[PDB]
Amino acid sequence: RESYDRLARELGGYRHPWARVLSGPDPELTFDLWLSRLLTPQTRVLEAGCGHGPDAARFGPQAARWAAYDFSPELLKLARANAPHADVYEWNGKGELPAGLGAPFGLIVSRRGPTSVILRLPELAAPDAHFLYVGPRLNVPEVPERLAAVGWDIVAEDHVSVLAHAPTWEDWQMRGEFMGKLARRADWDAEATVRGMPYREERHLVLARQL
């Protein structure tokens, strides 16, 4: 059904869509650790691009308040149910802030989400707030550039890379589409092992603050 594809696109919006097996540690483990260290029962959190609330549900109760936003109204319905403690807002990240957002925040976080939110940090951040981000590639140049543009300092940065395999040709193809690089049977036929096709899952972690 088409109702399934939509759902799948939506729940999967912040992940890679193809089947894959990691040969090493999940490259977002460090991001989870850093996020966990930053949360206290006094912390006011803003999460950009919350999707169906997985992080709101999982880390949200550890904070004083977890405010979160995304664009899709139906997806936000799941987020509200997934995380009853969270305050969830429908926003495309542009123009004026949603009414009731509740700035200022001590933490602004984004897991592979919007990076334009960086340019709103002067309007969103309490003094001594942190901005925490992980991007779906080894280096996401706009993040450091945008943080420089608002006079924020990077206090921690990680460029992470982990061997993975796409177990089948179909999976390799699907990755090719997501990446905008067409998969070719030649490369599969010549380089695929029993594990399938090898590639790197890479992430760029950034923790910043205005010192």
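Residue numbers here begin at 1 and follow the sequence given.
For the pair 130-138 and 99-107, the mean B factor over Cα atoms is greater in 99-107.
Averaged over Cα atoms, the B-factor as recorded in the entry is higher for 141-149 than for the other of 141-149 and 27-35. When the C-alpha B-factors of 52, 181, 58, 44 are ranked from the entry, the top spot goes to 181. Split the chain's modelled residues into thirds by C-alpha temperature factor. Residue 172 is in the middle one.
Residue 165: CA B factor lies in the middle third for its chain, per the PDB record. Among all modelled residues in this chain, the alpha-carbon of residue 1 has a temperature factor (C-alpha) in the highest third. Sorting the modelled residues of the chain by their CA temperature factor places residue 155 in the middle third. Looking at the C-alpha B-factors along this chain, the one for residue 73 belongs to the highest third.
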